[PDB]
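Data block below; observations after.
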Amino acid sequence: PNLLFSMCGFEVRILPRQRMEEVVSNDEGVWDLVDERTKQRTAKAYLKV
Amino acid sequence: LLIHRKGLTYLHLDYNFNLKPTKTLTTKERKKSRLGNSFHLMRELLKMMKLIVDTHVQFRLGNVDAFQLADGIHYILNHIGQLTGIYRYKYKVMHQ
Amino acid sequence: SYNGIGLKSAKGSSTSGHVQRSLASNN
Amino acid sequence: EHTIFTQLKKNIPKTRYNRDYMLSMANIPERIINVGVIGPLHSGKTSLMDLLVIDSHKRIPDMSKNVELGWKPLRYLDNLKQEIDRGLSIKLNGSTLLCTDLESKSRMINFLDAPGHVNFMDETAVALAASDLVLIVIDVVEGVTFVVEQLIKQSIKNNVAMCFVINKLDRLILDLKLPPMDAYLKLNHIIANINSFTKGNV
Amino acid sequence: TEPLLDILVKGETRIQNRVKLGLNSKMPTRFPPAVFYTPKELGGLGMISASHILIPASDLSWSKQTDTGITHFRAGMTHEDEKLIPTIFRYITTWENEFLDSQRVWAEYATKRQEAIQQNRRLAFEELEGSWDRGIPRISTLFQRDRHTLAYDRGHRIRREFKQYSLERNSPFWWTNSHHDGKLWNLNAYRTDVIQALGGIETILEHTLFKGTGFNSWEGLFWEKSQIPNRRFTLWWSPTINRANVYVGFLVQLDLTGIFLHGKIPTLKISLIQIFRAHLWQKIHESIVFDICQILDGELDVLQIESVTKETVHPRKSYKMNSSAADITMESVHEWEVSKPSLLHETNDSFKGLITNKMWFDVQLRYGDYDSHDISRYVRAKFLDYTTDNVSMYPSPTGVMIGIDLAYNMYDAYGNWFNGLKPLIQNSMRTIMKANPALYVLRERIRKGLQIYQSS
Amino acid sequence: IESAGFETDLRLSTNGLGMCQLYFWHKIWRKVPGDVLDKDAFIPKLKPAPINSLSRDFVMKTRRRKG
Amino acid sequence: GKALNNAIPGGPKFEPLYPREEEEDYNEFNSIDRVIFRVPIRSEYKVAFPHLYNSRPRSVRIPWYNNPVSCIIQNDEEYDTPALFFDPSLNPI
Amino acid sequence: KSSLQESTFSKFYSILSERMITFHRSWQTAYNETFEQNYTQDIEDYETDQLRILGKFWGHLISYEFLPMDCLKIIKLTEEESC
Amino acid sequence: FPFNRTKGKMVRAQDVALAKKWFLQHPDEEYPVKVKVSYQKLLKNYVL
Amino acid sequence: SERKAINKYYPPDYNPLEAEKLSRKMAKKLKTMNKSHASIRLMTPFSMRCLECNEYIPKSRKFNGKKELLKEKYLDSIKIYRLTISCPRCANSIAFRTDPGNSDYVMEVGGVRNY
RNA sequence: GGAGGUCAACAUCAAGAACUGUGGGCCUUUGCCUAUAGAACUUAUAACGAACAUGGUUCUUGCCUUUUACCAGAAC
RNA sequence: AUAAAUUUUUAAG
Ligand SMILES: Nc1nc2c(ncn2[C@@H]2O[C@H](COP(=O)(O)OP(=O)(O)OP(=O)(O)O)[C@@H](O)[C@H]2O)c(=O)[nH]1
Ligand SMILES: [Mg+2]
Ligand SMILES: [Mg+2]
Ligand SMILES: [Mg+2]
Ligand SMILES: [Zn+2]
């Protein structure tokens, strides 16, 4: 389910909201990925250093 | 006798075993006059003994009290950190 | 009780090693 | 390290009853008997076998001057390091010795001291399958709890004669302090209570 | 991230432990966080503490697997009294919110600019003020002076990154030019929050010498000039760094003064001595004693005083803190009915408690610390200690003790009291604290040490 | 399975007074309240599972240990 | 407590005595999917039955387990209560 | 009030209020009562900016059901009564 | 101990620990953290 | 006897101001205190050329040398000092002046400056 | 001759759960087997001490300019 | 339904 990568010093774990099997409100160190058109949030990007 | 025997007459011991210079020292004095942890440690140690034996003295003189005595040597034995300075020459004593 | 949380011991960690349960997230 | 056990021929204690004379009893099949000792935790089993042993043997190297007058009970049949530190009895251990009955005829006896913890009942089953009769050792204070019931049901199930011991009487007066009457009432309650579960005998 | 939190903690605790070595100590009690975190304008180091927080400790064995969440908090950093301190990450907006705001803002500016173009009007520069600091390009950058040149600057980022190779000194911000990107953050709010997180100026300056210089209010203090010299620092915070609650340390009275040092603090001795020189301690003592002897001279009329004679004082008594002796003695013309001892300000006194002839005064100076700056307690402690004691000699077992903190310029007197005294000593002392030349010589000389000017 | 820590829990909680023994004789057995085959059972992931399904848990685990 | 680097909530804190836990083989054995979580496994277990609940002990000792559960009952209140008396705490039989 | 000074909304206050709700029902009642207090009494003061904070801050609470949702019923849209 | 026996042998004055039995027992309750820390310290020395 | 020393044992009486008076009287009779001269270790900022052995003090060289308070006082009140340095090759004394108005030194008696 | 002593000297006090002597048989004194007598003090939740310090070497750390002095664990 | 608390100093260079 995960898609990992890292750029600069950021490490990013991309979970599509689909396969998370649960959607939980999470802290501010976690991005929400918003589609262009549907204006939805389809994936959470977890950030670490 | 150990101080003068070394040839240093300008370091005075008081009667509380504090070792103080009686003069400002030229450099070669400071070199000759550095005393190690043997001396200084033993100095601190006696200072403790003298201190307690004194408390009992002033009890004997009648000058103090019965209970104030026991409180006294309690205060010593706890506050040796503040009242002595043995903790300088062996820092291990910090455990006690 | 030390349940496996905290540090192996607080020596080099400079903190107090004081741990406390989190009232925040339970249910 | 592993156990505590004496290896020499010359250090084995000296058995005031003359071991040689005991081995002769083995020829008479009717004469020798097998008694196991079973009962719940801390009923005093092992320290009872201690009484028997140090009664029989004349000089034991394991007695400290301490345990000889002992504050701390000498536990002879313990024998394992793990059972010494664990404070418990684990692997069953017996002894064989001859002792005079009250009529002065001596008979040869094999004690099998079983462990008392209810997880080790596995090794009380052995003590039943072997022993000819079972001493069921009981605490007067604890009374007979469910595990005792299971010990008498297993005894009477395997066709093995029973005898009960009521142990730890010092804990009765020296702790609970019961008036002379009330203790006796308590004994009537226990002895009355054990016959209830022994159907064919009283 | 667990490790970077741990490393922030070790980092800050390590630098604080570096200033602590800067004198001699690791000791926690000497250095309460007010020392480090008060901004320079109050005379503290002014470092910015991000390490307090609390650090999620959850489940070493499992967190290798699930990401259990935060089940527990290990203590981040410590203290004697907790207080609290704000931490930077709260004062800087997260990236998400700034990119969102950037998108909405630049959309709005697109529209508004199309309003100025289509209607041939000019930007009000107020109409755009609401968003002025919003947006990652930071709208303000549009209006900077040099933009005409900057449009011909391109490739600035890669240049910034390759400044690693062509020069030694690092440039901690290599990811922005404040010219093109504006200024992406601000702090100053943090400043104020720390000052009130420690209890405000009023509690903070309880730690310093601010009360010793004599200045009544803070606002008029300019310091002198942004780097505080080290000596001036240890003076300014001295009554904490030197304090009587110290765990272990060896009391040593300074040479000619009554100041006590705990252990050895390197600068504090040179600075304090250069405050007290020319035997300024004795001069203070004999100054006060003398002036009180004058005010007692004038009042022989009302109080029925045969003679007011300051005795011949053994030379050392001024700075000897063990046992004292009477400075001024009193004598009864008729006879005196005194009361039980009290504080200077305690009102009700029954003067028929006792009847005596001679009274005596003492002036006991003490240089106080932040542990005990309360005088009256100290004064009653002394007076009871001596008057109960056999050794301390006084012409009659009735007297008055007058204590003074020269560090906080405070005073009090715990005496025996007969009619007429308190209305004298109150007013008179209230003058003397602002009067004597000596105490004035301090209050200027400490100002020389701390390098303070009163402006306005 | 619920007795993993029971004894010490008891013996401490009463400050050393008290005692416990766990023993297995009658060989009783009991249903586990869950339903052994269900797709929708809730897997708590580091928590003890809710009683509505403990059986789907136990089986989905044992099958992972075995194969 | 020391050898296992564990503390009784009132007991002392020591050093690890085996400073390296860091080595971990990535392997199927202890994986979460293969474990059933019932009861938390508090420390007091690991100190109580050290070889059982605690994987890979070293230099550990045997705790001594159990004692008889003292029933001792005494009277410090009245000096004139007899030595042998039936205390209301006891059951009536 | 503090969240309105932040100059932009932050997930911080959302996850804070969420972890605070689930602990005790008094905080349920607290956030409900404060929702009514804000929307009814106190809105007239806030400038259009701070409204951008409040809007999302209550959005995160409603959409994840902590609020709960029916408490939105207070809102009524009329030309006569609206702000 | 010295009490149950009713007979024994003299022990050197510094070998009677009066304060040991206090910190071997639990910390109790009302005590502020400052003394609980002291119980831990002393137990540590004892164990060593 | 520590280099950093907090206390100094004093005689049991020692009226300190009295010792200031008697010592103030003592200060006149001594040879050293009254020498009107001074000794300081220093450097040569402007380099040098000796006028005796034509030796070169190359740029900045340590010297044990002699400071003197000059009877001049720059402007109304500013201090001005005169320093002397002996040459390594020959026994010769060269002197300085410190101009407060013109920051650089100007020198005399036994040396010349390189340009 | 008994009681003692803030007297001394010389033995002995950590091990196959363990001491010593002696009788007899085999090998060739040792050693093994067998028989017999006596075993003070210290030991099983293990030890002479119902108590509790320091030092040396070697590793691991902790402070962190360097050495003494140190931080807390281990082995000898 | 939590009761989990590190330090701390002298000399020489
Ligand atoms: N009061 C009293 N206590 C006893 C008596 N006999 C044994 N105990 C105590 O009870 C505990 C059990 O004694 P043991 O015989 O050693 O234990 P046990 O019989 O071996 O118990 P198991 O190991 O389960 O067989 C011991 O710790 C004894 O102190 C007794 O006669 N009176
Ligand atoms: Mg047993
Ligand atoms: Mg060197
Ligand atoms: Mg050198
Ligand atoms: Zn020359």
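Residues are named by chain letter and number: chains run A, B, ... in the order of the structure tokens, numbers start at 1 in each chain, and ligands are numbered from 1 in the order shown.
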Who sits within 6 Å of stretch 50-65 of chain K, only C-alpha atoms (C1' of nucleotides), same chain under 2 positions skipped, as a list in words: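 Once the adjacent positions are removed, what remains is residues 12 of chain C; 15 of chain I; 71 of chain K.
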At a cut-off of 12 Å, list the chain L residues touching chain I, using only C-alpha atoms (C1' of nucleotides), as a VMD selection string. chain L and resid 3 to 6
Just want the 12 Å neighbourhood of residue L:13, counted on only C-alpha atoms (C1' of nucleotides), with same-chain residues fewer than 5 positions away dropped. Output as number ranges by chain. K: 65-68
Extract, using only C-alpha atoms (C1' of nucleotides), all DNA, RNA and protein residues at most 10 Å from residue E:276, discarding same-chain residues fewer than 4 positions from it, and format them as a PyMOL selection string. chain E and resi 256-257+270-272+280-282+441-442+445-446
So that I can see what lies close to residue A:32, please list as a PyMOL selection string the residues with an atom at most 8 Å from it, counting only C-alpha atoms (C1' of nucleotides) and leaving out residues fewer than 5 positions away in the same chain. chain A and resi 41-45
Could I get the residue neighbourhood of ligand 1 at 10 Å, counting only C-alpha atoms (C1' of nucleotides) and all ligand atoms, as an MDAnalysis selection string? (chainID D and resid 37:50 71:78 83:84 86:92 113:118 120 137:141 166:175) or (chainID G and resid 66:70)
If you keep C-alpha atoms, can you produce a file of those selected residues as a PDB file, in the first residue's frame?
```pdb
ATOM      1  CA  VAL D  37       3.565 -38.358  50.970  1.00  0.00           C
ATOM      2  CA  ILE D  38       1.304 -35.928  49.150  1.00  0.00           C
ATOM      3  CA  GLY D  39      -0.493 -32.748  50.125  1.00  0.00           C
ATOM      4  CA  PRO D  40      -0.971 -29.162  49.037  1.00  0.00           C
ATOM      5  CA  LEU D  41       1.591 -26.354  49.116  1.00  0.00           C
ATOM      6  CA  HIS D  42       3.552 -25.855  52.289  1.00  0.00           C
ATOM      7  CA  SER D  43       1.677 -28.513  54.190  1.00  0.00           C
ATOM      8  CA  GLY D  44       5.062 -29.505  55.586  1.00  0.00           C
ATOM      9  CA  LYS D  45       5.727 -32.664  53.575  1.00  0.00           C
ATOM     10  CA  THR D  46       9.431 -32.298  52.959  1.00  0.00           C
ATOM     11  CA  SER D  47      10.134 -30.954  56.436  1.00  0.00           C
ATOM     12  CA  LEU D  48       8.276 -33.984  57.762  1.00  0.00           C
ATOM     13  CA  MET D  49      10.535 -36.368  55.878  1.00  0.00           C
ATOM     14  CA  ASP D  50      13.254 -34.282  57.480  1.00  0.00           C
ATOM     15  CA  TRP D  71      15.407 -21.453  63.111  1.00  0.00           C
ATOM     16  CA  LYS D  72      15.562 -22.527  59.472  1.00  0.00           C
ATOM     17  CA  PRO D  73      14.180 -25.993  58.756  1.00  0.00           C
ATOM     18  CA  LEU D  74      16.698 -28.439  57.389  1.00  0.00           C
ATOM     19  CA  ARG D  75      15.174 -29.706  54.163  1.00  0.00           C
ATOM     20  CA  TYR D  76      16.907 -32.982  53.339  1.00  0.00           C
ATOM     21  CA  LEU D  77      14.784 -34.275  50.481  1.00  0.00           C
ATOM     22  CA  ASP D  78      14.930 -31.001  48.567  1.00  0.00           C
ATOM     23  CA  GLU D  83      14.314 -26.195  44.420  1.00  0.00           C
ATOM     24  CA  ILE D  84      16.476 -24.600  47.091  1.00  0.00           C
ATOM     25  CA  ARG D  86      12.762 -21.478  44.377  1.00  0.00           C
ATOM     26  CA  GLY D  87      11.741 -22.333  47.942  1.00  0.00           C
ATOM     27  CA  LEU D  88       9.541 -25.092  46.615  1.00  0.00           C
ATOM     28  CA  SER D  89       9.755 -28.822  45.940  1.00  0.00           C
ATOM     29  CA  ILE D  90       9.815 -29.851  42.295  1.00  0.00           C
ATOM     30  CA  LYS D  91      11.089 -33.305  41.375  1.00  0.00           C
ATOM     31  CA  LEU D  92       9.876 -35.973  43.754  1.00  0.00           C
ATOM     32  CA  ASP D 113       8.033 -37.302  48.826  1.00  0.00           C
ATOM     33  CA  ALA D 114       5.949 -35.666  46.126  1.00  0.00           C
ATOM     34  CA  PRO D 115       5.769 -31.958  45.334  1.00  0.00           C
ATOM     35  CA  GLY D 116       2.827 -29.989  46.607  1.00  0.00           C
ATOM     36  CA  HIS D 117       2.187 -27.384  43.929  1.00  0.00           C
ATOM     37  CA  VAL D 118      -0.896 -27.978  41.856  1.00  0.00           C
ATOM     38  CA  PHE D 120       3.225 -30.484  39.629  1.00  0.00           C
ATOM     39  CA  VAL D 137      -0.688 -33.928  54.722  1.00  0.00           C
ATOM     40  CA  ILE D 138      -3.058 -31.134  55.704  1.00  0.00           C
ATOM     41  CA  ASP D 139      -2.679 -27.672  57.168  1.00  0.00           C
ATOM     42  CA  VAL D 140      -4.935 -27.169  60.157  1.00  0.00           C
ATOM     43  CA  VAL D 141      -5.146 -23.477  59.269  1.00  0.00           C
ATOM     44  CA  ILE D 166      -2.845 -32.689  60.497  1.00  0.00           C
ATOM     45  CA  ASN D 167       0.296 -30.577  60.440  1.00  0.00           C
ATOM     46  CA  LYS D 168       1.216 -27.053  61.513  1.00  0.00           C
ATOM     47  CA  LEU D 169      -0.447 -27.095  64.917  1.00  0.00           C
ATOM     48  CA  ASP D 170       1.970 -24.480  66.212  1.00  0.00           C
ATOM     49  CA  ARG D 171       0.416 -22.003  63.781  1.00  0.00           C
ATOM     50  CA  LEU D 172      -2.898 -22.662  65.501  1.00  0.00           C
ATOM     51  CA  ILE D 173      -2.153 -21.506  69.044  1.00  0.00           C
ATOM     52  CA  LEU D 174       1.045 -19.501  68.569  1.00  0.00           C
ATOM     53  CA  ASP D 175      -0.707 -17.370  65.939  1.00  0.00           C
TER      54      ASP D 175
ATOM     55  CA  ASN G  66       5.789 -18.184  47.717  1.00  0.00           C
ATOM     56  CA  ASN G  67       5.309 -18.227  51.483  1.00  0.00           C
ATOM     57  CA  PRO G  68       2.582 -19.631  53.763  1.00  0.00           C
ATOM     58  CA  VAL G  69       0.341 -16.497  53.984  1.00  0.00           C
ATOM     59  CA  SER G  70       0.715 -15.629  57.664  1.00  0.00           C
TER      60      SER G  70
END
```
Give me, as JSON, numbers by chain, the residues of chain D that a backbone DSSP run labels strand (DSSP E). {"D": [33, 34, 35, 36, 37, 38, 93, 94, 95, 96, 97, 98, 99, 100, 106, 107, 108, 109, 110, 111, 112, 113, 133, 134, 135, 136, 137, 138, 139, 161, 162, 163, 164, 165, 166, 167]}
For residue H:50: contacts at 12 Å, only C-alpha atoms (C1' of nucleotides), fewer than 6 positions along chain excluded, given as an MDAnalysis selection string: (chainID E and resid 130) or (chainID H and resid 1:9 43:44 56:57)
Taking 2 positions as the minimum chain separation for residues in the same chain, which residues sit within 12 Å of residue F:40 when counting only C-alpha atoms (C1' of nucleotides)? Answer as a PyMOL selection string. (chain A and resi 21) or (chain F and resi 34-38+42-43+52-53+56-57)
